[PDB]
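For neighbour counting, all protein chains shown are included, and Cβ atoms are generated from backbone atoms with ideal geometry for every residue, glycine included. What follows draws every value from the coordinates through simple rules; no lab data is involved.
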Amino acid sequence: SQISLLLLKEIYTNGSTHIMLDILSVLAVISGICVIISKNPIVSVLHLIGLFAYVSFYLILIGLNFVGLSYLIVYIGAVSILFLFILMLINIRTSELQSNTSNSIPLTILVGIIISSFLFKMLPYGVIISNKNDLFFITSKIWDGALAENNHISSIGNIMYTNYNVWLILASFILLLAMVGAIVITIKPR
Amino acid sequence: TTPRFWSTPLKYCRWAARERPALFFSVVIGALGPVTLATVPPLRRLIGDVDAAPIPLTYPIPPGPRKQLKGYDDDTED
Amino acid sequence: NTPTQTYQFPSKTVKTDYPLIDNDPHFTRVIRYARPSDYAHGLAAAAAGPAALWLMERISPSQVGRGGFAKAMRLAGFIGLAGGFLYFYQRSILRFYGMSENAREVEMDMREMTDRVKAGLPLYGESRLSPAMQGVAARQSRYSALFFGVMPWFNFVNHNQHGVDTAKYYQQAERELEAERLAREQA
Amino acid sequence: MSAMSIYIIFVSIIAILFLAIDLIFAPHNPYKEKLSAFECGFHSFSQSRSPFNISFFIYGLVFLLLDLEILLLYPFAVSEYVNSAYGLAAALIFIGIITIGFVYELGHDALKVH
Amino acid sequence: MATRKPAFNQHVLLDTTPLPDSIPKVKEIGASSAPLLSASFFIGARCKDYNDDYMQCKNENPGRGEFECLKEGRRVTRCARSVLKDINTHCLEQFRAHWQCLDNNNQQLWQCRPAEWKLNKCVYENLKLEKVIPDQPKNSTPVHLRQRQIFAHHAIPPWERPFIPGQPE
Amino acid sequence: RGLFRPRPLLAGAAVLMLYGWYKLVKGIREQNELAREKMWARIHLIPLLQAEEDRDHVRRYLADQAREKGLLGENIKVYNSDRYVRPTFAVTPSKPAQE
Amino acid sequence: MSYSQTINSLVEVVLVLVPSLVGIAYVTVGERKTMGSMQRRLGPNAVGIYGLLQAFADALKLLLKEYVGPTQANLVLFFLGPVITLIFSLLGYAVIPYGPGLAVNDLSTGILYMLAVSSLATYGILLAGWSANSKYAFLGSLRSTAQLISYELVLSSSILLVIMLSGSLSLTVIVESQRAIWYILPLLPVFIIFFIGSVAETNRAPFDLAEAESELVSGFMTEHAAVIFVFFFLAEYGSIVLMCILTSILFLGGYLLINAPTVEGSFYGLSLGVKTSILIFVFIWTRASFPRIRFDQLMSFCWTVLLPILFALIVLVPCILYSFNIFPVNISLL
Amino acid sequence: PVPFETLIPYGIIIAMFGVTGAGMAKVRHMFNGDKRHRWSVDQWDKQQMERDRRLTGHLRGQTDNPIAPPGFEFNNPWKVXXXXX
Amino acid sequence: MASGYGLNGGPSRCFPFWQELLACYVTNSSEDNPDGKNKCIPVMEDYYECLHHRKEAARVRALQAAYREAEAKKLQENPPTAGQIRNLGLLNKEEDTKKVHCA
Amino acid sequence: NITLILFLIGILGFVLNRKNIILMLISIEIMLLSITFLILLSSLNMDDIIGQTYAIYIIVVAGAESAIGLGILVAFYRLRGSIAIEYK
């Protein structure tokens, strides 16, 4: 008769595989746990920078290249400084000796189930998608909206300093208070 | 030894240039921008330098009523 | 000629006791339409700050070292001057907003604009900024003198979004042009 | 497959190939004093896992905030044609408030370890 | 289908269902990206009114103009096949030299100005079609009518002149 | 040794930095003009390209409306409005091409 | 396209990595032969003809040299740090244009990509030094952290001044923009500052504090030996070359010139390599000309001299750009 | 005098850059149908290359024919994905 | 969504749906007639539908299971090859394009 | 779905922490990561550049909070001499 709907494999110009997102998902969850269960503080700050890395690679792979590279840039320095403070304020050897009890498991199961079940319907269909007849997203092309495509960083720049400049002024005052306050409480007297 | 700025502003500027050049000339370079902003655009227009028109970043939709065209209709195909 | 449309943007109506002239008046208009009391009050307000710090010093000396009070007066002088100008600006712009008695401002606005309309000049001037950036600027600064105590802001853009129908200006200029032609005939 | 992904593959297998060769083809004779910490010849107190004084921690605190500030300027450098004068003004106000905090760091001599 | 750029596409879906006999049929444009850019100024020199009419139609039917402006679209396609055939009956060596140059130069007009000047003159003397770019600065010479290109990887021969219509050689 | 005198090196630096800023004015002014030409060339093509794209969208929409009234008997209304919405999801066959 | 996509990417990566790894071998040989000439010596001239096999005698010796795992060391971190440093140092060569778009990834955010991979490689040095549980390795690792606080803002702030002129963040577009003029002419102070910060970024003299041998014994890499040591040198010299390529990309017009495509591609590659090789010389010239700075003096220099000047330029430069109507279009063009 | 043996490693470094630039250019020119490759590509260029494959079968293929070949109106690819919406 | 500023520098996909809902509210609701805002119920559902796609995912789901079960029951004679789908619309492949259309 | 898993890790790593106050400051960081990551994925599904802008301002305040936290820890450690949470 007549099919009329033809599925085909894209030879070039095809995208990434969405298997890789599930790999980064487990690794991010795996590394997130190892941040709190690790006896050594340096090993858990290393799992911390790893955790930020799989989330950044998750963002890069779904086309969020700026915020994904910007997340990584900001936190590599942040984890380095956090490393720098663990070596100044924590006895590494006594912390590794310091342990953890198993009395938190009953609370973990209860708190985990209740919050996750309650916090699930708080999330929309777009996120809960891809949780034997599944759906397929379909995309096509436009010419009027493609005249001068901007990069995401340019799109944020188009509005970050005019339409939403108030968020920048407030953000610059949080940073100023942090610059003045963090120094005021830690400065050596003179 | 070091001059006080409000006691003598011109003396302080000489000392800051010679003895604290990196900080003093940071303020000069940074202040030169607002001086550039306030003075160059008037002189640029005085000499006839014209800021260019913005390049179109969306289809330029003409204003007014449609032009009621007659051409390239279906009967013109063959 | 008649622009065939005088309200092009959706504006916010505020309940006020006097006619609204401009919801976003240009910086120069606020200074030009300032009454001489506005310079009297804003100068008194600027002097209040350092004079308050002087009086506190006379009655209750801080016991500060040799150069501290002079340093503190320089801060009190600036802060008073900064708040004095913000007070001077607010007095003039409230009249543009219709939030203060404005008969004098209403009449100079109805003359200055009808002078620009009979001259063919744009009512609020020409912007070097794009028409969308003009809108972001109108949106940012309209009624912004009501937040002067917290964050200040001034209108330095010649946009055309001021919250008022411009038909009254075109109506008067044509009637003024109508009277001018008849008077010129008897010559 | 993309060049970028293949590039990551190779650099990893070069890190393995060098590491594997040494782990297979080099002698390995670990004994007590070979496996000891270097201290220029004499054993000393092991103190590298005890709290240590960093005299430049105030520089790390400031670096975090300034790193955030120059990141909030990168969108401006890639959006200047649209931002124009109105957007330049806000970006100058943002830089001006941040510079005052830096002037506080310089004047208070926070960055002046002695 | 969505205008979002895909990040994990591995498959293409095609429909072999044709548009119904009700909608008139327009043969589609057959030119590729390089020939279309080489003749774009000629499109707009002849087809501007129809190009502008189809866009004002869609703006007059917001959210529905795809279905309700199908005739204006058929008209723009016909106007654009007219110039292509015209640029093919005449000036075909010049047209090919220009867009064949453009494909080897990242489709950058400033990298093929001598072939553009030769074609623009041949289009002008057989179609009365001129290249016009609006709002170019009056202080300086138009960029497409400039002897030296600063971003061109190869310098323009001194003996290759820009085409300005009217004035003789 | 005047190769290392601070003044002539300050002079030659100010000259080079002023000359290169002159060349930068001319370069960016030329590029902003090249950008204007690339955008007007694109704008003439937008109405013939978008017209072909719209014919494809109307054709695929009409087909799916016909396919549903056969498979599902009647058409289901996703949106209350009459406006065309580009599809986020499409019916696909259970197998790709055999190759 | 014409042939297989995977085979294309396979050959494209080999044409970058393998020639770059050969280049890393000879920057070490060239450094030793160039420092010697300025020291009235020769340098390597016996391992191979004119000493052209000396980098491979060194490389093969260490991969056949025994490795030691210290008992006080955190062993999994003792190996992870050098592997992180090597992988992410080499990752920066994936955005380098050897011609317009001739890169393994023509990314639109390539400059920020490089800032992210250079910062990761530094964290491997911090981790490896701390993991030894030795005191000189511990003192060196803290120096590396102080140095990144010193040079990361310097580089990123300096780069942002280049972006304010190019408007792109794409490495090919910044080279294409310099067809007007090389950025070392209008941004002469920024080129000096960026070069100074790049020497500090590389842990190269006069900013060789983490690995100082006159003060520490080998610094962070004292307990490290064999192939773990090979990784830290490969990371250092690939980081040097990469910073000389980037400085040539951002200020010296990159590949711009001072069967048919092969001649053009060769000339682009030669031009970039010639300019990169000059900057590689200036690194070796700087190492043989100056003493070492103290690490507090470097932190003071970057924070009270360089950064105040850079933020002043960040204010000044867009003010000149707007004043002359010279803001670059941020669309795709070049 | 000139220590030419000091400048030999620098010549090798320059040459291997030339090797890289020449080889990347040749392989891309082959992959792109003996044509210079495209760079700095945006959504419009990627949509234009996919339109070229629709008319010629090669993403870099060019035809000047004013009339499209039959089946062009049914060959418009609609991208199918599983998760990234 | 509701901002009007999308990822590419162009406007957001659900901005027309949001502007229509706000326009409906201001042009129907008032203190004189509180229940005029019931006109906004379908308009507000369209905005959520543009955002989450639950109603369209349910339509395609029902249509796709219906479509596939008819394909299995449908008589099959010869399946087009992948290469034949690639040949549709080419310069000199008239034979393959015809086979794709069963003509 | 991963956003929820990460948020639960940070919430328990903050509440059920028996190690040190630096780990509690890390768990706050993890929670802000998960909240930011939910806003980023939603922004992509609704074509909104505002949610990327929102995510960016969460990152800047997240670092400002970590600076005030590290600064307050230094003050506390200078006097207490231990930043180890202790259970008898």
Every residue from the range J:44-88 that is over 21 Å from the mean Cα position of the chain (by Cα) and of a type in the set (S, T, N, Q): J:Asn45, J:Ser82
Going by the conditions given, is C:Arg32 within 29 Å of C:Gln134 (Cα to Cα) and among the basic types (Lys, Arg)? yes
May I ask you to say which residue of A:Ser31, A:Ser25, A:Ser16, A:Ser4 is at the interface with another protein chain (Cβ under 7 Å from one of its Cβ atoms) and farther than 18 Å from H:Unk84 by Cβ? A:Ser4
Verdict on B:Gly48 being within 14 Å of chain G (Cβ to nearest Cβ) and surrounded by fewer than 13 Cβ atoms within 10 Å (Cβ to Cβ): yes
Step by step: first the residues of the range E:134-165, then only those that are over 21 Å from the mean Cα position of the chain (by Cα) and under 15 Å from E:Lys118 (Cα atoms), then the one that is surrounded by the fewest Cβ atoms within 10 Å (Cβ to Cβ). Which residue is that? E:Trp159
Report yes if some residue within the range D:59-78 is within 7 Å of another protein chain (Cβ to nearest Cβ), not hydrophobic (A, V, I, L, M, F, W, C) and not in a helix (DSSP H, G or I); otherwise report no. no
Residue hits (the range G:82-103; of a type in the set (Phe, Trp, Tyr) and part of a helix (DSSP H, G or I)) are G:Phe88, G:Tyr93
Of (1) more than 7 Å from every other protein chain (Cβ to nearest Cβ); (2) farther than 30 Å from G:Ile331 by Cα, A:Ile187 satisfies every one except (1)
In this structure, is E:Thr77 within 25 Å of E:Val26 (Cα to Cα), within 14 Å of chain F (Cβ to nearest Cβ) and touching a helix residue (DSSP H, G or I) at 6+ places or on another chain (Cβ under 9 Å)? yes
Kindly indicate which of C:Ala82, C:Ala76, C:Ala45 is assigned to a helix (DSSP H, G or I), surrounded by 13 or more Cβ atoms within 10 Å (Cβ to Cβ) and touching a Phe, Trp or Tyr at 6+ places or on another chain (Cβ under 7 Å). C:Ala45
Exactly one condition in (1) closer than 23 Å to C:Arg32 by Cα; (2) in contact with a helix residue (DSSP H, G or I) (Cβ under 9 Å, 6 or more places away or on another chain); (3) exposed (fewer than 14 other Cβ atoms within 10 Å of the Cβ) is not met by C:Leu177; state its number. (1)
Would you point out which residue out of A:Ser155, A:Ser130 is at the interface with another protein chain (Cβ under 7 Å from one of its Cβ atoms), under 23 Å from the mean Cα position of the chain (by Cα) and outside any helix (DSSP H, G or I)? A:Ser130
Only residues that are at the interface with another protein chain (Cβ under 7 Å from one of its Cβ atoms) and not in a helix (DSSP H, G or I): list them for the range A:67-105, please. A:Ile90, A:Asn91, A:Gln98, A:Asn100, A:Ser104
Go through A:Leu135, A:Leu147 for me and flag whichever is in a loop (DSSP other than H, G, I, E, B) and under 30 Å from D:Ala77 (Cα atoms). A:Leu147
Going by the conditions given, is C:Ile79 more than 30 Å from B:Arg4 (Cα to Cα) and either more than 12 Å from the chain's Cα centre (by Cα) or away from chain A (no Cβ under 14 Å) (or both)? no
Residue selected from the range I:32-68 under the condition surrounded by 15 or more Cβ atoms within 10 Å (Cβ to Cβ) and β-branched (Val, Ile, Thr), by the criterion farthest from the other protein chains (Cβ to nearest Cβ): I:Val43
Scanning the range E:13-59 residue by residue, those part of a loop (DSSP other than H, G, I, E, B) and facing chain F (nearest Cβ under 8 Å) turn out to be E:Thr17, E:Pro18, E:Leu19, E:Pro20, E:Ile23, E:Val26, E:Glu28
Of everything in the range G:46-58, what is surrounded by fewer than 16 Cβ atoms within 10 Å (Cβ to Cβ) and either at the interface with another protein chain (Cβ under 10 Å from one of its Cβ atoms) or closer than 18 Å to G:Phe233 by Cα (or both)? Give them in sequence order. G:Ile49, G:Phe56, G:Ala57
Test E:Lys71 against the criterion of being surrounded by fewer than 17 Cβ atoms within 10 Å (Cβ to Cβ), farther than 22 Å from H:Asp64 by Cβ, of a type outside the set (A, V, I, L, M) and within 11 Å of chain F (Cβ to nearest Cβ), and give yes or no. yes
Checking E:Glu116 against (1) in contact with a helix residue (DSSP H, G or I) (Cβ under 6 Å, 6 or more places away or on another chain); (2) crowded, with 19+ Cβ neighbours inside 10 Å; (3) at the interface with another protein chain (Cβ under 9 Å from one of its Cβ atoms), which test does it fail? (3)
So, first residue within 18 Å of G:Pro100 (Cα to Cα) in the range H:40-56, second residue in a loop (DSSP other than H, G, I, E, B) and polar (S, T, N, Q), Cβ within less than 8 Å, six or more apart or across chains; the pairs are H:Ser40/E:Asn106; H:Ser40/G:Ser170; H:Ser40/G:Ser332; H:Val41/G:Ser332; H:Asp42/G:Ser332; H:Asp45/E:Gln107; H:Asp45/G:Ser332; H:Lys46/A:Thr13
Consider A:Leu64 against the criteria (1) more than 8 Å from chain J (Cβ to nearest Cβ); (2) surrounded by 14 or more Cβ atoms within 10 Å (Cβ to Cβ); (3) not β-branched (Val, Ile, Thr): it satisfies all of them except one. Which criterion is unmet? (1)
Give all pairs with beta carbons closer than 6 Å in which a residue from the range J:50-61 that is more than 10 Å from chain I (Cβ to nearest Cβ) and part of a helix (DSSP H, G or I) meets a residue that is surrounded by fewer than 18 Cβ atoms within 10 Å (Cβ to Cβ) and not aliphatic (A, V, I, L, M); count only pairs at least 6 apart in sequence or on separate chains. J:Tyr57/A:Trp167
Would you say G:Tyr136 is at the interface with another protein chain (Cβ under 8 Å from one of its Cβ atoms), closer than 19 Å to D:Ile8 by Cβ, part of a helix (DSSP H, G or I) and not aliphatic (A, V, I, L, M)? no
Among (1) under 30 Å from A:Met160 (Cα atoms); (2) in contact with a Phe, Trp or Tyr (Cβ under 8 Å, 6 or more places away or on another chain); (3) surrounded by 21 or more Cβ atoms within 10 Å (Cβ to Cβ), J:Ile22 falls short only on (1)
Given the conditions (1) away from chain I (no Cβ under 12 Å); (2) more than 28 Å from F:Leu62 (Cα to Cα); (3) among the acidic types (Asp, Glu), report the number of the one that H:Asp64 does not fulfil. (1)
What pairs can you find where one residue is in the range J:15-34 and under 18 Å from A:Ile30 (Cα atoms) and within 8 Å of another protein chain (Cβ to nearest Cβ), the other is among the aromatic types (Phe, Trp, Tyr) and surrounded by fewer than 21 Cβ atoms within 10 Å (Cβ to Cβ), and their Cβ atoms are less than 6 Å apart, with a gap of 6+ or different chains? J:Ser27/J:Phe14
